[PDB]
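One structure is given below, encoded as structure tokens.
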Amino acid sequence: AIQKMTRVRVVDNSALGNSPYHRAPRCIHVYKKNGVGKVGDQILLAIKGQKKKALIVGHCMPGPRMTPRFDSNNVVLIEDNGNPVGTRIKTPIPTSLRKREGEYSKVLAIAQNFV
Amino acid sequence: XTXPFXX
Amino acid sequence: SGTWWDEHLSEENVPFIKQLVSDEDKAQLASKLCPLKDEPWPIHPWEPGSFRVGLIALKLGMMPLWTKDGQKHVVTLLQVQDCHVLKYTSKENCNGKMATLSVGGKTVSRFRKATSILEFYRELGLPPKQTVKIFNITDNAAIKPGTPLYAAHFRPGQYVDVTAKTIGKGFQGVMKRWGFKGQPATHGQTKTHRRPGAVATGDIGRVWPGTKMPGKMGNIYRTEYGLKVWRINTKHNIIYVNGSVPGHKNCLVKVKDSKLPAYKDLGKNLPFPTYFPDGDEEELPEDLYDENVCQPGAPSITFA
Amino acid sequence: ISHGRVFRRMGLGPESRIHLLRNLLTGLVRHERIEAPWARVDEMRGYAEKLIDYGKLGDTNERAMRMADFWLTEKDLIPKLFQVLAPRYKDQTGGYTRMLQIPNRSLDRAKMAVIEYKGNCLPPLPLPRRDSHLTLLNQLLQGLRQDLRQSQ
Amino acid sequence: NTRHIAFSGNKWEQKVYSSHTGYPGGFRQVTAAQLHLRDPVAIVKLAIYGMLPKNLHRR
Amino acid sequence: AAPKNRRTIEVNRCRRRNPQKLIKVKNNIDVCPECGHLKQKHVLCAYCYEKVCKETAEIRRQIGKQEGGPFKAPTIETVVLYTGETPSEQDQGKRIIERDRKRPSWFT
Amino acid sequence: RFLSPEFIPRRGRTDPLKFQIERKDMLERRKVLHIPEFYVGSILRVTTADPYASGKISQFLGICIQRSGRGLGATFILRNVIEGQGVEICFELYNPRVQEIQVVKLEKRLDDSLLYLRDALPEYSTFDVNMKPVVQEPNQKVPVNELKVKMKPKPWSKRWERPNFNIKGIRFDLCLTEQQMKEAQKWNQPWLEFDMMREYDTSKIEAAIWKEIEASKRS
RNA sequence: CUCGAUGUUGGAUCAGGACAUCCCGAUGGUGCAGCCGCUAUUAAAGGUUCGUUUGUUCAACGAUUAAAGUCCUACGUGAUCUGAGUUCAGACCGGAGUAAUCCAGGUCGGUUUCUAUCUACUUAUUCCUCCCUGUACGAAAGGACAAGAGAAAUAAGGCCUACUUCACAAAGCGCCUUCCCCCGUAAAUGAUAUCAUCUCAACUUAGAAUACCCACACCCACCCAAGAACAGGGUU
Ligand SMILES: CCN(CC)CCS(=O)(=O)[C@@H]1CCN2C(=O)c3coc(n3)CC(=O)C[C@H](O)/C=C(C)/C=C/CNC(=O)/C=C/[C@@H](C)[C@@H](C(C)C)OC(=O)[C@@H]12
Ligand SMILES: [Mg+2]
Ligand SMILES: [Mg+2]
Ligand SMILES: [Mg+2]
Ligand SMILES: [Mg+2]
Ligand SMILES: [Mg+2]
Ligand SMILES: [Mg+2]
Ligand SMILES: [Mg+2]
Ligand SMILES: [Mg+2]
Ligand SMILES: [Mg+2]
Ligand SMILES: [Mg+2]
Ligand SMILES: [Mg+2]
Ligand SMILES: [Mg+2]
Ligand SMILES: [Mg+2]
Ligand SMILES: [Mg+2]
Ligand SMILES: [Mg+2]
Ligand SMILES: [Mg+2]
Ligand SMILES: [Mg+2]
Ligand SMILES: [Mg+2]
Ligand SMILES: [Mg+2]
Ligand SMILES: [Mg+2]
Ligand SMILES: [Mg+2]
Ligand SMILES: [Mg+2]
Ligand SMILES: [Zn+2]
């Protein structure tokens with residue numbers, strides 16, 4: 001799944017996110033004891049010569065059976081303590097993110113679609 | 001003669 | 001010289017022998033089905049600290065199971081074909097910490113055995129058995145030989161421990177055996193890709209006993225502890241056990257009550273001897289589940 | 001390591017092994033007898049049984065025709081097959097070929113075996129005939145057998 | 001009555017019987033007290049095994 | 001790699017004489033009632049197999065010279081006939097071949 | 001008649017008692033759940049009871065790519081591209097948290113497995129959720145849409161052009177060159193299909209399965 | 001000692017050991033209110049990250065973690081590996097020198113042998129989330145420790161019902177199980193020394209087992225989820 005040195009596409013609508021740049025977003029760290037990153041796990045992402053925390057929406061590996069798989073990876077920006085940068089995410093996201101809504105309440109609120 | 005043995 | 005039976009008889013006589021021995025052993029089993037009509041030993045109730053003789057079963061395969069919360073648990077099916085007791089021993093006769101019983105497993109040909117064990121099985125009254133495993137037990141749980149052990153010896157909501165022989169891989173490399181990192185592939189590695197590399201130091205001048213290196217792996221009696229039962233089916237004498245267990249399919253496995261500190265005292269609600277279906281006021285259902293298992297035929301779950 | 005592998009490695013590849021046993025089968029089908037190393041005929045026995053099973057379908061089945069065309073290289077034995085061997089075993093469902101171990105090869109000292117379609121023309125083999133019913137033990141066996149029949 | 005034997009001094013605490021199983025970390029020492037509690041015969045057994053000569057007749 | 005001491009004759013003798021290196025004496029032989037020679041249990045009598053093979057080879061020579069070349073395999077059963085025998089009503093339609101000898105004790 | 005691809009067991013050896021038990025269990029469940037007949041390439045709509053969702057119910061429509069596994073663990077894959085992004089689900093058709101299945105459309109593709117739709121154009125898998133069930137006559141043959149599919153450029157994941165897959169929906173006449181197809185036919189292994197000891201005859205066990213299904217149904 | 005040859009640095013694999021403890025454990029003191037910290041005693045069971053340039057060990061830097069410990073093992077380990085430095089034969093530059101040639105000056109490149117004879121050998125922890133709790137403590141600010149519940153990572157041992165690499169089976173990226181403490185101190189009564197004094201005074205307290213294996217000439221031959229051979233299980 002998501003780990004160090006993985007080209008990710010930011011999905012939310014943010015200037016910092018969708019600003020074109022000669023290098024694509026790349027995961028350089030995951031905040032877990034192991035290097036893999038599953039849904040609902042904070043990671044660290046390099047954009048435009050700086051680095052910010054992020055939260056990965058969905059990975060293209062097969063996790064649990066009926067949990068969704070995405071043909072392309074996804075991730076959304078977020079501040080240190082859970083303040084999302086993007087305003088909304090028109091793309092679908094897993095329902096397994098609102099399980100931890102106690103921490104990602106605003107990220108779940110700014111979403112539209114769910115699968 | 002070559003560093004080695006025996007390059 | 002040494003020979004076998006099939007050679008010194010005729011083709012018209014071979015099926016006769018086959019059907020005769022089959023009838024004989026099946027009649028023995030039918031006769032020993034009911035121990036209460038025989039002379040049973042004194043029965044005692046459960047006490048704290050006491051134990052129960054386990055049994056041995058035959059692994060068929062694996063299956064999924066769902067809870068009421070919808071979460072999954074994989075489960076092994078252990079079958080019990082005959083599983084009769086073979087003998088009893090006294091504490092001061094076996095010179096051990098605790099008394100011991102012996103339980104048999106799979107019924108097999110009476111021809112491919114030794115004369116001593118054949119005589120033992122005859123004087124006991126039953127056919128031969130594949131494995132004859134030993135169970136430590138207090139004296140209060142003394143069970144008579146010639147008694148069948150059915151799947152009702154265990155119940156759901158129960159924790160259990162299972163012992164069996166592992167898969168035989170033969171002589172394998174240090175990597176697959178112990179899980180060493182090995183050596184890289186490219187960058188000039190000359191004939192050193194899966195090697196163990198170093199073994200010991202230079203001053204030691206020797207290799208320590210118990211050092212890891214290639215050898216036979218598997219085909220040893222390994223045990224798993226703390227498993228849990230989800231379902232019992234009686235007519236087939238099969239039991240569920242969570243997770244997985246050692247051994248290949250159709251292998252004989254030993255099963256016993258779990259010995260863990262948390263899973264040791266719960267022995268009052270269960271039969272302290274085995275389950276005797278005869279003599280009971282009622283006959284149990286075909287299958288029986290744990291209360292937190294969605295039963296097939298029930299409606300699909302719908303939270304709130 | 002292998003557990004449950006039914007095939008065995010024979011030549012320098014899968015193509016090579018199926019070609020080898022194809023030649024063995026093409027030589028066996030016409031002589032309805034052939035001696036060869038034990039393992040080769042062991043694995044080819046099933047191939048031959050399946051081959052006559054698909055030849056039972058007849059000359060009309062394009063599938064079976066293509067299969068026989070592949071398996072037989074002489075192209076003169078598949079009509080022989082459909083017209084002789086399938087009619088020969090039209091009644092039987094199994095036990096089409098007998099396989100018997102024989103002494104080793106002269107110089108190589110390899111274990112060999114002869115395989116032979118049942119109901120051939122050429123002379124039979126010296127098969128192992130089971131001991132006679134007139135023997136002492138067989139007679140005692142028949143004695144208690146008739147005793148049990150009389151009882152029941 | 002090897003169980004009811006007595007040392008001179010604090011030997012039960014000061015004396016140590018040491019042995020190496022053969023494996024790394026298999027070096028283990030036990031005081032005479034522990035060794036008596038686990039096996040009352042082993043103390044006198046080892047004492048005699050030491051007094052005796054080191055030939056094959058010792059066994 | 002290289003040795004360091006010449007291995008002694010007594011240790012070499014123990015090695016090459018241990019029972020693992022010795023030959024197995026096998027109690028798996030008996031006489032064939034037909035020929036009277038000795039044979040392994042599961043193996044056929046070499047003498048009988050040899051004579052059968054000789055007969056098969058000679059009748060193969062005969063059928064080959066009869067067919068007269070390759071790619072002449074017929075699509076019918078075939079039957080052998082020895083001197084002093086007539087074809088049967090059963091095998092009239094089957095191919096027949098002639099042979100200059102008499103029916104042995106074992107072949108039908 | 002028609003049999004499901006999960007009642008039949010796998011080539012592996014084991015006691016048929018296992019198969020019998022899992023079969024009677026899935027049939028005791030079939031008495032409740034309908035699992036409307038379908039194939040690969042059919043469009044299915046599924047409703048499931050999820051503990052966290054609006055109303056705790058989840059709807060999903062998608063094309064069936066494959067049906068895998070045997071026994072109770074048997075699953076089917078669904079795929080759908082929405083908002084330009086392609087999602088896939090692996091549904092267990094015996095889980096109790098699935099509420100019901102529905103066949104919006106029933107079709108069969110030339111390719112038994114349709115995992116190449118990942119590299120195919122998104123418009124082939126672009127199916128809307130609001131489309132209603134195409135009602136099919138109660139007793140008719142299965143419609144087989146004989147078509148071919150265009151694909152993304154070569155930078156693929158699975159290398160579909162090889163002959164081991166034995167697939168035909170793709171259009172490699174356009175998607176690649178004569179030279180590349182001639183180079184791909186290198187791996188052609190005719191002895192696979194010409195061999196006769198590897199296949200698995202099913203008539204016996206499928207007949208037994210028909211028997212047991214009829215028995216448990218009428219019982 | 002070794003020049004009738006004891007093969008280097010760093011790195012890879014494997015790690016063994018000491019404790020002068022980096023983390024986790026238990027205690028005393030504090031210029032310790034609490035969370036934070038400093039020091040000292042005991043504790044070596046267990047663990048001790050990934051990358052950027054550099055040959056690099058070190059060092060600097062980025063992100064982390066409970067931690068990113070010191071050292072010995074022929075500066076452990078080249079009959080297991082690599083050869084990037086150092087570096088024979090070639091060459092350029094700066095300098096020395098008439099020149100040949102040289103510079104612990106740099107710079108590009110530059111073959112790493114062995115069929116094993118003998119000894120030896122070859123089956124449980126930790127972080128995090130929730131109540132404790134905005135509690136005690138603390139002017140406020142700040143802010144727990146215990147007990148309990150849950151979910152995870154690591155290490156070990158196993159498994160194929162999902163999934164995946166695959167397909168009569170083997171494997172992981174997938175699934176299941178994993179239970180004991182540690183001794184330094186703080187306390188009672190009380191004598192030498194009649195108070196007192198935790199006791200190298202007698203005394204009272206906080207203080208491993210269990211589990212696994214277990215019988216035997218039928219045994220030519222065949223099969224095997226057993227296996228290099230031998231061996232082992234089955235042949236009803
Ligand atoms: C920077 C040095 N590098 C690059 C040039 C050379 C690597 S080296 O150290 O291994 C080489 C061989 C041994 N040397 C010692 O200084 C040494 C120290 O202790 C010893 N030798 C004793 C032994 O090692 C015992 C062994 O039996 C000796 C062997 C196998 C020697 C074989 C022949 N090697 C030579 O003649 C080497 C001559 C030159 C190359 C020198 C100088 C450059 C320093 O290098 C060494 O001898 C070097
Ligand atoms: Mg920059
Ligand atoms: Mg590797
Ligand atoms: Mg080389
Ligand atoms: Mg190589
Ligand atoms: Mg070969
Ligand atoms: Mg790929
Ligand atoms: Mg010398
Ligand atoms: Mg030397
Ligand atoms: Mg210390
Ligand atoms: Mg500390
Ligand atoms: Mg060194
Ligand atoms: Mg070093
Ligand atoms: Mg060395
Ligand atoms: Mg080195
Ligand atoms: Mg180099
Ligand atoms: Mg260099
Ligand atoms: Mg210099
Ligand atoms: Mg080398
Ligand atoms: Mg070697
Ligand atoms: Mg892993
Ligand atoms: Mg006093
Ligand atoms: Mg006092
Ligand atoms: Zn003979």
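Going by the structure tokens order, chains are called A, B, ..., each with residues numbered from 1, while ligands are numbered from 1 in the order shown.
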Give me the residues within 7 Å of residue 43 (chain A) as a PyMOL selection string, counting only C-alpha atoms (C1' of nucleotides) and dropping any in the same chain fewer than 4 places off. chain A and resi 29-31+53-55
Residues contacting ligand 5 - anything with an atom at most 12 Å away, using only C-alpha atoms (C1' of nucleotides) and all ligand atoms - can you give me those as a list in words? residues 183, 184, 185, 186, 187, 188, 189, 190, 191, 192, 193, 194 and 195 of chain C; 81 of chain H
Once you have the residues from the selection above, write them out as a PDB file, in the first residue's frame, restricted to N, CA, C and O atoms (P, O5', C5', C4', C3', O3' and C1' of nucleotides).
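File produced: selection-v6.pdb:
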```
ATOM      1  N   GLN C 183      21.295 -12.523   0.948  1.00  0.00           N
ATOM      2  CA  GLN C 183      22.211 -11.593   0.320  1.00  0.00           C
ATOM      3  C   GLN C 183      21.563 -11.015  -0.926  1.00  0.00           C
ATOM      4  O   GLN C 183      20.663 -11.629  -1.507  1.00  0.00           O
ATOM      5  N   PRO C 184      21.991  -9.838  -1.367  1.00  0.00           N
ATOM      6  CA  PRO C 184      21.373  -9.233  -2.546  1.00  0.00           C
ATOM      7  C   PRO C 184      21.640 -10.065  -3.790  1.00  0.00           C
ATOM      8  O   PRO C 184      22.383 -11.045  -3.780  1.00  0.00           O
ATOM      9  N   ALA C 185      21.003  -9.653  -4.880  1.00  0.00           N
ATOM     10  CA  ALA C 185      21.082 -10.389  -6.134  1.00  0.00           C
ATOM     11  C   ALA C 185      22.203  -9.859  -7.021  1.00  0.00           C
ATOM     12  O   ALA C 185      23.119 -10.600  -7.387  1.00  0.00           O
ATOM     13  N   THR C 186      22.132  -8.586  -7.378  1.00  0.00           N
ATOM     14  CA  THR C 186      23.113  -7.961  -8.249  1.00  0.00           C
ATOM     15  C   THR C 186      24.202  -7.311  -7.395  1.00  0.00           C
ATOM     16  O   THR C 186      24.325  -7.594  -6.201  1.00  0.00           O
ATOM     17  N   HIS C 187      25.010  -6.447  -8.007  1.00  0.00           N
ATOM     18  CA  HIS C 187      26.132  -5.788  -7.348  1.00  0.00           C
ATOM     19  C   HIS C 187      27.272  -6.758  -7.056  1.00  0.00           C
ATOM     20  O   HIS C 187      28.016  -6.579  -6.090  1.00  0.00           O
ATOM     21  N   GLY C 188      27.414  -7.785  -7.886  1.00  0.00           N
ATOM     22  CA  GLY C 188      28.590  -8.626  -7.871  1.00  0.00           C
ATOM     23  C   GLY C 188      28.562  -9.805  -6.933  1.00  0.00           C
ATOM     24  O   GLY C 188      29.621 -10.380  -6.664  1.00  0.00           O
ATOM     25  N   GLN C 189      27.392 -10.216  -6.458  1.00  0.00           N
ATOM     26  CA  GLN C 189      27.292 -11.336  -5.530  1.00  0.00           C
ATOM     27  C   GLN C 189      27.613 -12.634  -6.258  1.00  0.00           C
ATOM     28  O   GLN C 189      26.823 -13.109  -7.078  1.00  0.00           O
ATOM     29  N   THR C 190      28.775 -13.207  -5.962  1.00  0.00           N
ATOM     30  CA  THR C 190      29.261 -14.397  -6.648  1.00  0.00           C
ATOM     31  C   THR C 190      28.828 -15.636  -5.875  1.00  0.00           C
ATOM     32  O   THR C 190      29.392 -15.951  -4.824  1.00  0.00           O
ATOM     33  N   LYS C 191      27.830 -16.341  -6.402  1.00  0.00           N
ATOM     34  CA  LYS C 191      27.391 -17.619  -5.852  1.00  0.00           C
ATOM     35  C   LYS C 191      27.001 -17.497  -4.385  1.00  0.00           C
ATOM     36  O   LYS C 191      27.099 -18.460  -3.623  1.00  0.00           O
ATOM     37  N   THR C 192      26.545 -16.312  -3.981  1.00  0.00           N
ATOM     38  CA  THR C 192      26.104 -16.058  -2.607  1.00  0.00           C
ATOM     39  C   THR C 192      24.835 -15.217  -2.697  1.00  0.00           C
ATOM     40  O   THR C 192      24.892 -13.986  -2.708  1.00  0.00           O
ATOM     41  N   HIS C 193      23.692 -15.893  -2.758  1.00  0.00           N
ATOM     42  CA  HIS C 193      22.396 -15.236  -2.809  1.00  0.00           C
ATOM     43  C   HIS C 193      21.500 -15.628  -1.646  1.00  0.00           C
ATOM     44  O   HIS C 193      20.859 -14.760  -1.043  1.00  0.00           O
ATOM     45  N   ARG C 194      21.432 -16.917  -1.318  1.00  0.00           N
ATOM     46  CA  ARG C 194      20.601 -17.418  -0.229  1.00  0.00           C
ATOM     47  C   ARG C 194      21.436 -18.047   0.881  1.00  0.00           C
ATOM     48  O   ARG C 194      20.898 -18.764   1.728  1.00  0.00           O
ATOM     49  N   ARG C 195      22.739 -17.797   0.888  1.00  0.00           N
ATOM     50  CA  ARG C 195      23.627 -18.426   1.846  1.00  0.00           C
ATOM     51  C   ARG C 195      23.358 -17.900   3.252  1.00  0.00           C
ATOM     52  O   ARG C 195      22.818 -16.807   3.427  1.00  0.00           O
TER      53      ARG C 195
ATOM     54  P     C H  81      33.474 -15.974  -0.283  1.00  0.00           P
ATOM     55  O5'   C H  81      32.553 -14.752  -0.718  1.00  0.00           O
ATOM     56  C5'   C H  81      31.580 -14.913  -1.735  1.00  0.00           C
ATOM     57  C4'   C H  81      30.556 -13.808  -1.723  1.00  0.00           C
ATOM     58  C3'   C H  81      31.045 -12.435  -2.145  1.00  0.00           C
ATOM     59  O3'   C H  81      31.143 -12.276  -3.550  1.00  0.00           O
ATOM     60  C1'   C H  81      29.747 -12.236  -0.186  1.00  0.00           C
TER      61        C H  81
END
```
Need the shell around residue 7 (chain B): protein/DNA/RNA residues with any atom at most 6 Å away, counting only C-alpha atoms (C1' of nucleotides). Skip same-chain ones fewer than 3 positions apart. Format as a list in words? residues 2 and 4 of chain B; 111 of chain H
May I ask you to extract the residues of chain A within 10 Å of chain H, using only C-alpha atoms (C1' of nucleotides), and to give them as a VMD selection string? chain A and resid 1 4 28 to 35 44 51 61 to 65
Using only C-alpha atoms (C1' of nucleotides), I'd like a table of the residues in chain H that come within 10 Å of chain B; for each, show the closest atom pair and its distance in Å rounded to one decimal, ordered by chain and ascending number, as a Markdown table.
```
| residue | atom | partner | partner_atom | distance |
| --- | --- | --- | --- | --- |
| H:7 | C1' | B:5 | CA | 8.0 |
| H:87 | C1' | B:3 | CA | 7.3 |
| H:88 | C1' | B:2 | CA | 5.7 |
| H:89 | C1' | B:2 | CA | 8.4 |
| H:110 | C1' | B:7 | CA | 9.1 |
| H:111 | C1' | B:7 | CA | 4.7 |
| H:112 | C1' | B:4 | CA | 6.3 |
| H:113 | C1' | B:5 | CA | 7.9 |
```
Determine which residues of chain C sit within 10 Å of chain F, taking into account only C-alpha atoms, and present them as an NGL selection string. :C and (1-3)
Could you pull the residues within 7 Å of residue 7 (chain A), counting only C-alpha atoms (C1' of nucleotides), minus those fewer than 2 positions along the same chain, as a list in words? residues 5, 9, 24, 25, 26 and 27 of chain A
Find the residues near ligand 10. Use a cut-off of 8 Å, count only C-alpha atoms (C1' of nucleotides) and all ligand atoms, and write them as a PyMOL selection string. chain H and resi 19-21+42-43
Hey, could you make a per-residue contact list for chain E against chain C with 12 Å as the cut-off, showing the nearest pair of atoms and its distance in Å to one decimal, counting only C-alpha atoms, sorted by chain and number, as a tab-separated table?
```
residue	atom	partner	partner_atom	distance
E:20	CA	C:209	CA	11.6
E:21	CA	C:209	CA	9.6
E:22	CA	C:209	CA	6.3
E:23	CA	C:209	CA	5.5
E:24	CA	C:208	CA	7.1
E:25	CA	C:208	CA	10.9
E:26	CA	C:209	CA	10.5
```
